[PDB]
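Here's the structure, in structure tokens; my notes come after.
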RNA sequence: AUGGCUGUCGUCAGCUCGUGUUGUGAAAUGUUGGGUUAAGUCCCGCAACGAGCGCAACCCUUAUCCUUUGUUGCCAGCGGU
């Protein structure tokens, strides 16, 4: 469902940030000054969206491992339901500084995650005492809280969808070095560099993120067939 | 000129590494910060993610109960004193 303007101009995706907070590189994607707040010009959003949608489909058509990034609070579970529905990965909690570039080490910690889920899959934590077992639920729970829906990755992904390029620039900086293409919903408060397939507009509204993630969930599910 | 061995800082809680990242570089980050602890003890957060020597625990003794055994050990309950 590649939206054009209908529910786009109804959820508040045009919006942006204060003229006190705007980043100078967002000059071309601007139209509006409603009460000293920058409004994105949608005329170069939907075409840019569809071109990105096309390339995201190309990756998914060749069985590309798509990895989302919706780390912030008001996107947490939103990205999660919009990820496991399209059988792809996601980064909903704090990004582990040095995840992809430091894959050599995190791979071993994620190996531990599969192992720990094993004793809790059939129930063999009760072999030892309760408090000691309570300890392994603390680690395991925190382990699946951070590296949950990424445990079945197998290596480096190909499609990195990220929300709020300025707040999650760490993921972008790691995806720049590996030549891995990254797709971001760049806010007027963010920076378009680092990301090749930039998409201007808002990323703060809860309704708005469902518009983006909803549309991309479709592109992958059609590229699988 | 040394090995082995010991003292001291001090039984003070600190000392480092692999990988990644930042800086031309020495190095830094991790090991900073908010709390907390006898203790980088623990939690949360964090360009850091894990790991090692350390603190703890495991060790011996002491403090209560229990089982087994009853001599040269023991004396309640019964005889003889």
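Where a number appears in this text, it was derived from the coordinates with a stated rule and is not lab data. Cβ: placed from backbone, ideal geometry, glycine included. Neighbour counts: every protein chain shown.
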(request) Specify the residue that is nearest to residue A:68 (Cα to Cα); the eligible residues are those in the stretch A:108-119 that are more than 8 Å from RNA strand B (Cβ to nearest atom) and without any contact (Cβ under 8 Å) to a residue 24 or more places away in the chain. (result) A:111
(request) Scan the stretch A:120-171 residue by residue and report those that are more than 15 Å from RNA strand B (Cβ to nearest atom) and in a helix (DSSP H, G or I). (result) A:120, A:121, A:122, A:130, A:149
(message) For the stretch A:96-107, give me each residue that is within 7 Å of RNA strand B (Cβ to nearest atom) and in a loop (DSSP other than H, G, I, E, B).
(response) A:96, A:97, A:98, A:101, A:102
(request) Mind counting the residues in the stretch A:189-211 that are assigned to a helix (DSSP H, G or I) and free of Cβ contacts under 8 Å to residues at least 60 places away in the same chain? (result) 0
(request) State which residue is farthest from RNA strand B (Cβ to nearest atom) when the search covers only the stretch A:79-95 and only residues that are assigned to a helix (DSSP H, G or I) and buried (at least 21 other Cβ atoms within 10 Å of the Cβ). (result) A:82
(request) Scan the stretch A:172-186 residue by residue and report those that are touching a residue at least 24 places away in the same chain (Cβ under 8 Å), away from RNA strand B (no atom under 11 Å from the Cβ) and part of a loop (DSSP other than H, G, I, E, B). (result) A:180, A:181
